[PDB]
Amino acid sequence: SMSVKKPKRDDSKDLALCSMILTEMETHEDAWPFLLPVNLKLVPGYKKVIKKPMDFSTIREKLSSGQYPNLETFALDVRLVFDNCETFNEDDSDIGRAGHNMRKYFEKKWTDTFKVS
């Protein structure tokens, strides 16, 4: 509260560390569905059904331009990518499998970098 400061984690490395996580995502073999925005012209359903589209390129642009206030906002956009993927794609599809794999991959790097670290 007023004039009573809580201790706070050192956030000075967060930008570099999120950038490094994103680079590892962008170069994973199973990242191919997520590199660009889902093509709204070519993909029926998508626009209407997926209210907040997100992809790795859009995350990268945001990260590079100071549009994430903090590391939690970045993780929310990453998770949004995989939550969209599950909403639109069957688990059994190649895209659907890719998403489950990428999510697992992300959440372990997240824990190892910030939470269990």
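The term rigid core refers to the maximal set of C-alpha atoms that superpose within 1.5 Å between the two forms. We number the residues from 1 along the sequence you see.
Once the rigid core is used to overlay the structures in 8 other deposited structures of this protein, the stretch among 90 to 98 and 6 to 14 whose CA atoms lie farther from this form is 6 to 14.
The PDB entry reports B-factors from which the mean C-alpha value can be compared for 91 to 99 and 5 to 13; the larger average falls on 5 to 13.
Stretches compared: 34 to 42, 78 to 86. Higher mean C-alpha B-factor in the entry: 34 to 42. In the PDB entry, residue 64 places in the highest third of its chain by CA B-factor. Ranked against the other modelled residues of its chain, the C-alpha B-factor of residue 52 as given in the entry falls in the lowest third.
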